[PDB]
Structures are given as C-alpha cells and as structure tokens.
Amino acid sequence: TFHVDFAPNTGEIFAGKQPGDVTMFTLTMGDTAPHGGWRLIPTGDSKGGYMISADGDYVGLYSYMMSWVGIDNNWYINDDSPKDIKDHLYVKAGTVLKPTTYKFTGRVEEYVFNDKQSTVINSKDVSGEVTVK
C-alpha cells in the first residue's frame, strides 16, 4: 500500500557551472490508505540536506515539492491524497558540479494527524548515487 521509489537521475549530467537547475535524484512517495503527510530526513554525512562526492565535497540540495525546516533536519509536505507524489532533489542553476559521484542517504516517513500531534505510520531508508563527467 505505502511505497517509496528513490533514484539517481536516469539521464547524464556533466560537470561545470550548471546552466540550468538539474535534478540529482527523483523521489516518489504515495499511499492510498489514509494519511496526513510525508517527511524526508537526510541521515549520516547528508544531515543538513547534502549530497557528498567520492572526493568529500558537500553540495546542498533543494526539494521541488517539500518545505525545508533547518531546526528539525527535514523536508516535509502535508498531503491527504492517494496519488504518487513526484519530487526532484536538485541543484540550482549556477551550482558548480565536479566529475565525481555524489551520494545521498535519508529516511522517508509517512505520518497521520490527530488534532494536535503527528504520528509515523510507515518509514523507508532511501539511498542513492549519481555520477557526473
């Protein structure tokens, strides 16, 4: 019922100063069963909303669909609906990328609301690696 697909850009990205926004990873989340929302928690070396290169450089990522809350270490979206949500984790135009492989690790959490509080009903560890030349 609950499902999470997470994946590197299936395309090819090349290094240098990116002339447009570019998606590093796609993030798709959905459940028909009832629910209030979704959050992505960047774990490990990714804490803070980063991907990390094979060389050790940390590059910030943005979410198309979700709001970023620094003090909690998560992105979140409130959404009552049965449709897969498709989000892109991307870098902004102007971001300098290197010829290397970038890694992101996180945890997606599905929750439900109860008038005052939210409560986690499913959870999945996501992980991926995207290469550039």
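Numbering starts at 1 and runs along the sequence shown.
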item	value
Mean C-alpha B-factor comparison - 85 to 93 and 48 to 56, higher one	85 to 93
Residue range whose averaged C-alpha B-factor is higher in the record, 38 to 46 or 68 to 76	68 to 76
Cα B factor band for residue 22 (lowest, middle or highest third within the chain)	middle
Cα B factor band for residue 63 (lowest, middle or highest third within the chain)	middle
